[PDB]
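Notes follow the structure.
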Amino acid sequence: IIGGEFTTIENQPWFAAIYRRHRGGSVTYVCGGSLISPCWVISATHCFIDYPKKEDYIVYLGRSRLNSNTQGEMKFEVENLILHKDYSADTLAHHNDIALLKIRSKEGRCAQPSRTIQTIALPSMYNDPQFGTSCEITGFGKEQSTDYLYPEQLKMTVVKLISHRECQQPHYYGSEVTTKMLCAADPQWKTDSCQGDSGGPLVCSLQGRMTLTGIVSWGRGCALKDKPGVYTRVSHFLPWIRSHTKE
Amino acid sequence: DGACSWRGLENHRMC
């Protein structure tokens, strides 16, 4: 997250931290995700496309810090890693950039709700807030495009939804953005999601309800003028989410 | 910049 503020998990208690164990034992951070039901974390396919093997991954809920434990956290193996069949990531834009991870602890349990672990509501179909609405994004991603390190502490910021009309402009993204994607940015381009934030939540208040409106997907650089963050439009993937969460 | 520093290219073989 470029700019914004530091936060803790009780301000995004659905946020999932996803790691991969390497052949050799070393664990590195992959992407964020969102707990949408006790056994299901939702994220982005591009986080996993090159390493689609479910055994490689570890998921944490209730974690506020990247490389140290948070009291009350829960660690999970990935029982099932479901990627979207129609994903495509030639061109800059990633299409159908959505993934599901069924979570299971060593003891065979899913998520137990607590002060630091709760679920997030999905939007009703094709129901998104109007452009210029302020939404929040969360993640352990870079604080600067040039950084080598990820922050140790979870971060959050606010960005505003951009119309498809505005985002399809040549001086923005042209034809790369589709109607199954949402653009969102800061008016001054001073704050944004960035590398490491992918898969994480774009959360909007939709009828006085917290809603998983988007999933951090792609962008050209971070917090660059005329280059918004691009997010998977969750309200356009509900049938896909419904069927696959029975797997 | 360089695509391997962007959202979209996390956890990728060529990065």
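Residue numbering: from 1, along the chain as shown.
Keep in mind that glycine also has a Cβ here, set from the backbone N, Cα and C atoms.
For reference, Swiss-Prot has these:
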- A:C31-A:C47: disulfide bond (DISULFID)
- A:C39-A:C110: disulfide bond (DISULFID)
- A:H46: active site, charge relay system (ACT_SITE)
- A:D97: active site, charge relay system (ACT_SITE)
- A:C135-A:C204: disulfide bond (DISULFID)
- A:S145: phosphoserine (MOD_RES)
- A:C167-A:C183: disulfide bond (DISULFID)
- A:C194-A:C222: disulfide bond (DISULFID)
- A:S198: active site, charge relay system (ACT_SITE)
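Swiss-Prot feature annotations superimposed on the structure.
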residue	record	Cβ contacts under 8 Å, 6 or more apart
A:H46	active site, charge relay system	A:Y87, A:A89, A:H94, A:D97, A:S198, A:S217, A:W218
A:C47	disulfide bond	A:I18, A:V30, A:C31, A:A99, A:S198, A:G199
A:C110	disulfide bond	A:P38, A:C39, A:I103, A:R104
A:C135	disulfide bond	A:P129, A:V158, A:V159, A:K160, A:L161, A:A184, A:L202, A:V203, A:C204, A:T213, A:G214
A:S145	phosphoserine	A:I2, A:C194, A:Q195, A:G221, A:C222, A:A223
A:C183	disulfide bond	A:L161, A:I162, A:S163, A:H164, A:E166, A:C167, A:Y172, A:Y173, A:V177, A:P228, A:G229, A:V230, A:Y231
What subset of the recorded positions A:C39, A:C110, A:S145, A:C167, A:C183, A:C204 has a Cβ positioned less than 8 Å from a Cβ of chain B?
A:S145
For the disulfide-bonded residues A:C31, A:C39, A:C167, A:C204, which one has the sparsest Cβ surroundings, going by other Cβ atoms within 10 Å?
A:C39
Just counting, how many other CB atoms are there within 10 A of the CB of A:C194 (disulfide bond)?
29
Please give me the CB contact count at 10 A for A:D97 (active site, charge relay system), counting all chains in the structure.
31
